[PDB]
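Let's start with one chain on its own, the form deposited in one PDB entry, as structure tokens.
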């Protein structure tokens, strides 16, 4: 039998009620004797596609419905098999969200949407427009408080604003979404981000604000507002803030259009426990007690289960959540969604940090929102390995331990194949020599700013000063400005900018 056979392994994002779900798992373990293990790994959304297929990976995966279409398309999720008596217990529209090519590809759980969360003691009346925020912050600054603070590292949070005035993702054309019609480069979109960029220029927000930093700012009462979803209410209650939840601010007289997502559970197609996974989902989780339990840890939002939604239905927070949901649009689920998210995330972090003008970021964002991309076989907790698309820069390991820097000209066969070119003039071409490689012959050189440093002792491939070659090296320490101090093998110590210090594939063996 396969190693995964005989038990269940669940994956869920770290901001949901995985402890409340562990409870649902205990009731199940008890009734069947089978073991259930709940995990909340980092960047699970990117690891699932690389480990699920090797025939391994978790048995159940929880994420917003937007990424499920790509998994189903690639054959990583199995077609679920609920009868009609069960299909009736869920809201017909939540089933619509997890359908791909007329096939049900996952069990829906809840409808979640971002709302404006505010402090009542600090702000008895919240602004209705974004344009009131710049003045609201000047007023609040005199008392040592800020007006707004939310995650600027994840595009999902800024999207509501980028969409209010006309920005969209993919156009819903005939009976479908035209991937040839991206709307992240139109004036509607540019006007929203430009407004966001200005808020930062005028010191109303700092581009370093991430998720953790904002949550604390609001829970300690350092800021009057924040834009988050239902799952965040658990921590606020635990704190002191006397808060409220209402509609998002308008922009240019238009409502903020938050992308609406349906948390959903998928069943891995490689799994030998598809039938134990169904038992768990239909009889234990999607039950009044099963949801009530997960809802208790961290609020789920508007639940797909009709009978239990009758409870939260009257809750004002759910009311606001559904209000904003009705004003926004439901995320698509085509395979191009992950490429799309990588492009916008790249454009938002860049425009906000000055590294790129709004025009430049969004223009490129439109160029890579539909692009086919691949990922490197070598992964690292310190450096991203995707997405590798045309125009990307990488470290290539010639068949002929030196790695040369190359540009990517073509991604083919679903990202399992590339055609890279060395830009330095070669005997066969002054434009550069071209090679064909698979996923193990290269490492992605992240184009954006670095996020994590390498612990001292880490083996890496750094580009040597005045060369286009990456040589083996050992990390001594990281200089504050970010820069890595390194001892190069077979030669003072050498200082190389972090952007040129990649993980070692050899060490990763």
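Each form is matched to the other, and the largest set of C-alpha atoms that superpose within 1.5 Å is called the rigid core. Numbering follows the first chain given and starts at 1.
Unmodelled stretch separating residue 491 from residue 492: 4 to 9 residues (count of deposited-sequence residues without coordinates). According to the PDB entry, the deposited sequence contains 4 to 9 residues between residue 400 and residue 401 that lack coordinates.
The PDB entry records a higher mean C-alpha B factor for 454-462 than for its counterpart among 57-65 and 454-462. When 178-186 is weighed against 293-301, 178-186 comes out higher, by mean CA B-factor as recorded in the entry.
The entry lists C-alpha B-factors for 160, 429, 126, 192, and the highest of these is at 126. Out of 378, 156, 396, 251, the entry records its largest CA B-factor for 378.
When the CA B factors of the chain's modelled residues are split into thirds, the value for residue 44 lands in the middle one. The deposited CA B-factor of residue 500 belongs to the highest third of values across its chain. Residue 70 sits in the lowest third of its chain by CA B factor, as recorded in the PDB entry. In the deposited entry, the Cα temperature factor of residue 266 places it in the lowest third of its chain's modelled residues. Among the modelled residues of its chain, residue 484 has a C-alpha B-factor that falls in the highest third, as given in the PDB entry.
The protein also exists as the form deposited in another entry; that form is not presented, and the subsequent description refers to it.
Only one candidate in 342, 378, 100, 91 has its Cα displaced by 2 Å or more between this form and the one not shown after core superposition: 378. Once the cores line up, the CA of residue 476 ends up 2 angstroms or more apart between this form and the one not shown. Core-aligned CA deviation for residue 45 between this form and the one not shown: less than 2 Å. Comparing the forms between this form and the one not shown, the C-alpha position of residue 32 differs by less than 2 angstroms, with the core used for superposition. Relative to the shown form, the Cα atoms of residue 451 and residue 41 move apart by 3 Å or more in that other deposited form.
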